[PDB]
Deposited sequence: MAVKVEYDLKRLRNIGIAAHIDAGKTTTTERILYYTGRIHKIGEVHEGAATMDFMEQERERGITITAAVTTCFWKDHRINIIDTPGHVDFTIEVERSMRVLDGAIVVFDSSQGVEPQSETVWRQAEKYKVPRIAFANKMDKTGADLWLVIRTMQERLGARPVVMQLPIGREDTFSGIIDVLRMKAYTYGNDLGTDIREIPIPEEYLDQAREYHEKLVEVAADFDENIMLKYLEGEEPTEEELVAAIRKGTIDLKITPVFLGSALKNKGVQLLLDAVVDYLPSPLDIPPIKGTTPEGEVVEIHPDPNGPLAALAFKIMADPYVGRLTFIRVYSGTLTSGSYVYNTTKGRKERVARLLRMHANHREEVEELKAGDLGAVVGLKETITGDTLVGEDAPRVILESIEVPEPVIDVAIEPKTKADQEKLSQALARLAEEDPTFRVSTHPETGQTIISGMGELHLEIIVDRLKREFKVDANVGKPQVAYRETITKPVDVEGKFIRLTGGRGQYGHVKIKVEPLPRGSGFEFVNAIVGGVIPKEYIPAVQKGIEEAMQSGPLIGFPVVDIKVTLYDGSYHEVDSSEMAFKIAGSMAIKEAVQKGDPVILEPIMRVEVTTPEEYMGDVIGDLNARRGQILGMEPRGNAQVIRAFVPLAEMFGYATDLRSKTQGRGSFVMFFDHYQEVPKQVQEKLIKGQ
């Protein structure tokens, strides 16, 4: 019942509106006449449908899902052909090397043009599409579908998925079918030497010979077999299913994932169900009454229900309570998920997405790399009035338990609460989750960039606090040398206090006030960083001293030192990567340069080009629409944090 050869782990890549959801749903319908991953069945194949992100830019989720699916269906709206948006979702497939087939959807829709599609695919994407199918009918007359591989035709009696008849190819479409058949063999001839031979002599190849060669080329990323239909009026879905099993890869056809032994060495992980367990956790979902569901793909070895596993990322042993397969209609409990297969593990306390599971006494290997994102975007949230402020913090602190990659700071100047994430999009869904599904209404603020403040020469300063009746006596007096630290060494404190000069009991108070003051620098009231303070002197007033006095004396001192230390602002600098059609190389580079950018070099990927760059996060507000309207919809970028830099003198004189 389990055969790797017969797994088909796919995802459905689709443009907004192209029909992703409707295609997926109809695929579940047809496979069901018998959720992060939904399993189903087709002619003795298990298809695991990986849910891909609902818009392309979600870059992390993207990487995580493409990694876990094997093949893919790309869906096109055959009224537009390939859109700007359809182009972006192709590049992702191209980017992550995932073997693909196309689906010309919406064939019943006015403007339905198969060839509008096929051409844009060769033309704009450099795709080498192959006509696997011919349509019978046009728009509202789109009646059926011809298969030019097997030279059989299909007709659909209704929009419902209820009437299908295998017909002979109408004589009227018989010339065109014969045309695209020999072209198909012509294509398969590039992948099978004995089909070439057979081609040359006018010998018809076997139906299998032909499928195998299409498959081989689809998988090696050399061709993109193309199919069509209407998901909405149920036409051609079964054939597309058919195609998934035909041409789309099993766990075996794609090269194996790589991971790192604990000695630092990189290994290919090979899909042996009787080899060592190794598995990636790639999504957590909090099922209502089943519990906290944690979705995995198993790369090698077997995962057995009731067993104990070792989480190698968070180095702690977990226990696998139940194993589930999520179907369309129901949940199915299973004893075991073998190499190449997928599902959900129940129980599992401290495992978050990214985490690697191995089998207790198996190699302590690590599949997914490190970097936690610097929280570079801040956002303020005035609640309602103590109203939604009630449950927001309660919902924040469990939401911080399937995302460790975002800060929560209470801003102590004006008062609001501060969430700090990595991207604008990061903060936007965290906001839709706040308001929609955890019922928090509030004044959500505008995305401000996480600026910092530091000094550029050493200082030698003092702070005092001195009260006399108001209403008892107060005294605190320190002296500090503050010097610059290297970029991102952060805070260092040193106590060069002699002996009794400041009584040992007050040093904490000094440190507290120093830290307290460093949360608001003098330039733009942002956090102070990368400095080394040394308390070297001071004084005290013998009755009148106190923790309060020394604390303030430290705030004071610290704030003064920053004003004096030729202070400067630090801003986040992003590593940006722009995917442009080659015709816009120049006009896109100039814009980047115009955002104080600095180019690192364009390597081509596909028939596209990919420009690398450094650009201040501050200048990236609305790059998405700027690119779109400078590549004509066809551009797409990815940003990742790199480092902090001094702002130019111009920008400081501006931010204040």
(message) What are the C-alpha gaps when you align the coordinates back onto the deposited sequence?
(response) 1 to 5, 40 to 66, 689 to 691
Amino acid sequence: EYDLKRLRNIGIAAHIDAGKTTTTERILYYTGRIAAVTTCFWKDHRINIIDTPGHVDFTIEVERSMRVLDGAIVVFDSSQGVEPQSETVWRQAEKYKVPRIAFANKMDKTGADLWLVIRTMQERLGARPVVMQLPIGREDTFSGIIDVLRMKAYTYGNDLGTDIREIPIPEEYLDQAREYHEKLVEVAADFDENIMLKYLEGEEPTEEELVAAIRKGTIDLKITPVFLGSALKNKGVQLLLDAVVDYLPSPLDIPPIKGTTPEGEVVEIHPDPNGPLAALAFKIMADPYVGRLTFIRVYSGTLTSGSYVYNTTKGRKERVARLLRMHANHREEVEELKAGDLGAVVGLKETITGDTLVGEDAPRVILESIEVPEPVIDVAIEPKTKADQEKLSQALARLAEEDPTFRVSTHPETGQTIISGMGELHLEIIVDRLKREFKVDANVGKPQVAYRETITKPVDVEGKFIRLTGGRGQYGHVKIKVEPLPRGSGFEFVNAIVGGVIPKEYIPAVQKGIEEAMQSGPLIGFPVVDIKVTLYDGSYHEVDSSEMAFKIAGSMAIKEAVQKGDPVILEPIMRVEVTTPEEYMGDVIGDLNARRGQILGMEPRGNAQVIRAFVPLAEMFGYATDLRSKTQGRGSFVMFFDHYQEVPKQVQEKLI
From here on, numbers count along this sequence of modelled residues.
(request) Please work out which of 600 to 608 and 55 to 63 has the higher mean CA B-factor as recorded in the PDB entry. (result) 55 to 63
(request) Read off the CA B-factors in the entry, average them over 349 to 357 and over 323 to 331, and name the higher stretch. (result) 349 to 357
(message) Among the choices 405, 133, 274, 230, identify the one whose CA B-factor in the record is greatest.
(response) 405
(request) Using the entry's values, work out which of 166, 424, 537, 460 has the largest Cα B factor. (result) 424
(request) Would you check the entry's CA temperature factor for residue 12 and let me know if it's in the chain's lowest, middle or highest third? (result) lowest
(request) Divide the modelled residues of the chain into thirds by Cα B-factor and specify which third, lowest, middle or highest, holds residue 625. (result) highest
(request) Using the B-factor values recorded in the entry, state whether the Cα atom of residue 632 falls in the lowest, middle or highest third among the modelled residues of its chain. (result) highest
(request) Sort the modelled residues of this chain by their C-alpha B factor and say whether residue 479 lands in the lowest, middle or highest third. (result) lowest
(request) Using the B-factor values recorded in the entry, state whether the Cα atom of residue 488 falls in the lowest, middle or highest third among the modelled residues of its chain. (result) middle
